[PDB]
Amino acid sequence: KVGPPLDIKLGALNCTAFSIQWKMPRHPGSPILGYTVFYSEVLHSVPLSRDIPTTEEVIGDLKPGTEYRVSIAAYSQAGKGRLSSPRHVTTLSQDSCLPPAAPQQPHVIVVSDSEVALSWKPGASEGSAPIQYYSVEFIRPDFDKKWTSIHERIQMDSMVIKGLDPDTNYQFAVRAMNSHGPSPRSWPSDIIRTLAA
């Protein structure tokens, strides 16, 4: 019986998601218990549906550059309310949610038996959003089959890495992050050996 939700607002967040916001229906006969959100790809087709207690929601795991038809209905103690007029929204184009290009191959200079100096430059593009931080991985080519992450974020374009094994060959690589995610790895640095203990 109750009217459809009012003041619906939707915006594409990124390539795979959009957020939806609305107001309580006017003059409800009974307390609103929740809402039901219906959406389908874009002549109507059978839609997916999500039930939520609040007046706003984020709809994720969508396809890039695709238009969606969205409707909302409120449910109360007297059944399902009237369904709002359909709203359309398009997820961002893939070129628009790009993560940054891989940073340039880093320069490496041995410092001690357990330390190494390292520096890098950003890539040709920051992607679709400015770089927020860098990440650094390392690997011992003689024994390791996989890269190891350094669980810190760097706003500098250089750093000194400590705690390495003495008399060991190492290589290093860098990735840049924006709000859209990680870049590919930089080229690996040239092999460099720590001083023996």
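Counting begins at 1, following the sequence as shown.
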How many residues sit between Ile150 and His151 in the deposited sequence but have no coordinates: none, 1 to 3, 4 to 9, or 10 or more?
none
Identify the stretch, either 101 to 109 or 71 to 79, whose C-alpha atoms have the larger mean B-factor according to the entry.
71 to 79
Greater mean Cα temperature factor according to the PDB record, 142 to 150 or 167 to 175
142 to 150
Using the B-factors in the PDB entry, rank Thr90's C-alpha atom against the chain and give the third, lowest, middle or highest.
middle
Considering every modelled residue of the chain and its Cα B-factor in the PDB entry, is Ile131 in the lowest, middle or highest third?
lowest
